Each structure stands twice: as structure tokens, then as C-alpha cells.
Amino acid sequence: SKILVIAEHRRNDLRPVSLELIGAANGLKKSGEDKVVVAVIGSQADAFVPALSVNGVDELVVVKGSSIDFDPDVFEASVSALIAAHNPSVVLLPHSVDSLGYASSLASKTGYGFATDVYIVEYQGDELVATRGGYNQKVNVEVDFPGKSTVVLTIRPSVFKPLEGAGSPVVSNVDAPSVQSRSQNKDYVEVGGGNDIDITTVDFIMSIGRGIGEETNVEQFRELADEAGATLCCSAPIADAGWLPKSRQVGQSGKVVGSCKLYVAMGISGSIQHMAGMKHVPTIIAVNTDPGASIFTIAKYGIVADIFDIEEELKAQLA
């Protein structure tokens, strides 16, 4: 059998989730003889051949379509034709913003199995069994795909481990199907606002979320961060609201705090997208009045207490 992996690139760079998918594909296959086929799609995608000629890639297909970077019409048409060509048992896409634009469309047209944001996947005998979350990550939901000879999964980033080393795939070039896209990509744009601190470089963060309530409550945490010698960061709602600059936002659509050794998450529930920015932090302290908050599932230390009471007492003790 063949497992098909759709790589991802943007602005001339391969997104490393691509290599996680290769790891997943290799881990998933039932037999030595099964092959992993990777595809990379774009009008300039030959550039990625070296970076995808890696351990665990049996075939590497460069798909030349009409756009440089992701386009949903181009991608759906291209991946449909790859599925036709390779008859894969399993197709792995990253659960990324790009995949969101087409994965479920791809799956609506045909009789393919489909599940998204999957974080456990295995064969039980010949039966593919995927696990994803339910109810804001409070349960696991385990699914299978009865009768489906092709199953398309989107895979949660930062769960499956990449393989190490180079590889020697059979490299091929195909043109994408010739259908005109119903959209055209224009400028990339940097999220706006100030940039006085690069939060990917800082070692000690105090981070505020929706639990702070009103914008008038931001100042006391700014003070606390200053008194403590921490950098003030936030979850998406705080930055969406304009209360702190987007350069201070932690998580998938914000920044990954790669240098952070100590992260104090105050009034943050721990959504999967927030965690993407900070789950690697060696010492996470969570301060949150909801003991059911997802954040406690990755914190080293938990305090189920009011953030304002804690902040004022911390400020006093620090003084």
C-alpha cells in the first residue's frame, strides 16, 4: 500500500510539519513493502526537492500548478489527481491553515474516509483507527472508516516525530490539472502594531488571557511583569481586542516562545492553538479558577485561584 503525504511550504520555506507527516506515515505503514509518497505543490516547488529528499520518503512528486503558494482550488484538484495516480490507503495533510482551505472539500466530493486534527493513529489489523478530541479537548473520540479504501486525515502539528537523516526518493514532476482558480493570492502582510521585544528570544514570560476581564485590568499585570522581571505576553483575545500588541501574542497564529524557560499563564484556558506557542516551556505555572481548564494538563504547577488576588499578593511579596 501507499501512504500519501502532502507537504507544506510558504514564502520559499518548507514548513517543518511536512517532516512530522513523513514520520507519521512511516510509523503507520503495515509492512516494509508499503511506500510513502510525498507531494509538494507549487509553481516553484522543485526548490523543495533537497529538503524533502529525506529518510522515509520513497517517492517525491513535484506538482506544478498555477500559484506559487497555497491556493485551495489548485490544491484540491492536485491532491485529487495524486490520489487517483497513487491509490493511497491513507492521505496525510497537516491540520494547518492551508489545509483548512480545502481538506473537507476534497472529502465531500468522493467516498473517502475523513477526520481532522488527529493526534493518535494506528492500524489494528487492517483497520485504520484515528483519535481526535471532543468537547473542547475534554474527551478523546476514537473513529474508524468502515469500507473506505482511501482515508484522508489532517494531522495535529507537533505530535508526530520526524525521522532523522537523508533519503533517496524517486523524484517525479507532474502538472496540476488545468482548471483556473476562483481566487488569486496577493500580498503577504505582517500582523500590525509595535515590535519593541522579540518574544521568541525571552526567557521569562507572564501571559494574560480573557480571564483578566476589562482592558483596565491590563495595567496591573504589566506592573507585575515589570516588578518580576518578566515579559508580558497574551492569548489571542487580548491582542485581537487591541489591548496588547500582536507581537506579544503566543500561539499558532502568534509566536512560539522558543527561548522561554518559565511561563506564567494567568486567565488562559489552554486552547490547543495557545499551547502550540508554549507547551515546550520547561516550567509552566497556570493560574486559573477553572480546574477543568486544559492548561493544567500541561502545567508543571497549578493554582486554582483568582488571578487578581494572586497578582496583588505576588506584587506585595515581591516588594
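Residue numbers here begin at 1 and follow the sequence given.
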Margin query: Per the record, averaged over C-alpha atoms, which has the higher B-factor: 30-38 or 54-62?
Written below: 30-38
Item checked: Comparing 309-317 with 1-9, the one whose average Cα B-factor in the PDB entry is higher -> 309-317
Notebook entry, point to check: Looking at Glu142, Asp98, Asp117, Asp240, which has the biggest Cα B factor in the entry?
Noted result: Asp240
Margin query: Per the entry's Cα B factor values, which of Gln137, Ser235, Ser181, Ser149 stands out as the maximum?
Written below: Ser149
Check: Among the modelled residues of its chain, does the C-alpha B-factor of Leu93 lie in the lowest, middle or highest third?
Finding: lowest
Margin query: When the deposited Cα B-factors of this chain's modelled residues are ordered and cut into thirds, is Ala166 in the lowest, the middle or the highest one?
Written below: highest
Notebook entry, point to check: Among the modelled residues of its chain, does the C-alpha B-factor of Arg132 lie in the lowest, middle or highest third?
Noted result: lowest
Check: Going by the entry, which third of its chain does the Cα temperature factor of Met206 land in?
Finding: middle
Item checked: Assigned third (lowest, middle, highest) for the C-alpha B factor of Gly113 -> middle
